[PDB]
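Given as C-alpha cells, the chain that follows is alone and in the form deposited in one PDB entry.
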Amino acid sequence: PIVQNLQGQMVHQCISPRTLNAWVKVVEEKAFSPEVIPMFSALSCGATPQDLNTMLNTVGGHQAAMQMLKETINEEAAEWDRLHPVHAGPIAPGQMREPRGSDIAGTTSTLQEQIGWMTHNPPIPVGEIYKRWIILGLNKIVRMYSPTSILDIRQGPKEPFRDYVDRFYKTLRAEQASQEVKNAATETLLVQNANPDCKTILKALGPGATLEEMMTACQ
C-alpha cells in the first residue's frame, strides 16, 4: 500500500503477510457472503492497483466469480476510457503520463507509475478508483450467489421471531436492497412473512413500529 510513515510523507509499503493471509482466509471461510466486501475494502486500505490484483490473484477457488469480475472491470475501464481519453504517442520526457482504464486496473501500469499517480499533487487516486470498480463487481457476485429470494424467507411455526428476522435481513443484504427498502420492508414484507401468531401481534401493534418494538412484541 501507500502509507504515511512516522516522519511525515506518503510512501509505498509491502503488502503484509498478515493482510495476504487474512484475505485468502476470509474468502475460504465466507465465499461471497456479503460481509466479505467490507472486509475486502478494509484489508485493501491504501492499496495500489498492484496490491488489489495481488489480493484477487491469491484466491484459488471461485474462478467463475473472478472471471465475472474481470469482465466487470473491463466494462469500467472502457467507460473510464470513454470519459478520459489519453493523447497517444510519446510522452514529454520525465513527465507523468495520464492513466488509461487498464493502467488503473494495474495490467498496463508499473508499480512506479501507480505510486506517482497516487502521490502526485494533485493526486490521481488510482488505487481508490480501481477498488470501486472491484467492489462494483464483487457486489454483483454477492447478489448472484445469494442462495435465497427474500420472498422465500418466511417465519416457521415455532421459529423464534429473532431467528426469522436474522434470516430475513441476511437475505436482503445479499439481494442488496437499498437502505430505503431495508428501512421500509419492516412495516410490510417482514410482517407478511411472519407466522400467524406473531403476525396478529404485529398488526395489532399498529403501524409506525420500530423493529425493536416488533421484536419485543413477538418475543
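Residues carry their position along the shown sequence, with the first being 1. We call the rigid core the largest set of C-alpha positions that still match within 1.5 Å between the two forms.
Choosing between 206-214 and 9-17, the greater Cα displacement from the shown form in 6 other deposited structures of this protein, fitted by the core, goes with 9-17. Omission of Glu180 is seen in a third or more of the other entries compared for this protein where the adjacent residues are built. Among other deposited entries of this protein with both flanking residues present, none omit coordinates for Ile134; it is modelled throughout, well short of a third.
As the entry records it, the average C-alpha temperature factor is higher for 81-89, out of 81-89 and 122-130. Between 66-74 and 187-195, the higher mean Cα B-factor belongs to 187-195. Annotation for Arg162, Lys182, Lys170, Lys30: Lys182 ranks highest, by Cα B-factor. Between the residues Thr54, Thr48, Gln155, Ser178, the entry's highest C-alpha temperature factor is the one at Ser178. Remark: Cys14 belongs to the middle third of its chain, ranked by C-alpha B-factor as recorded. In the deposited entry, the Cα temperature factor of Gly101 sits in the middle third of values across the chain's modelled residues. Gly116: CA B factor in the middle third of modelled residues in this chain (values from the PDB entry).
The discussion below concerns the form solved in complex with a small molecule, not included here.
The shortest heavy atom separation between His84 and the small molecule in the deposited complex is within 4.5 Å. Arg97 falls outside the set of residues with a heavy atom inside 4.5 Å of the small molecule in the deposited complex. By the criterion of a heavy atom within 4.5 Å, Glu128 is counted among the residues contacting the small molecule in the deposited complex. In the deposited complex, none of the heavy atoms of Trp117 sits within 4.5 Å of a heavy atom of the small molecule.
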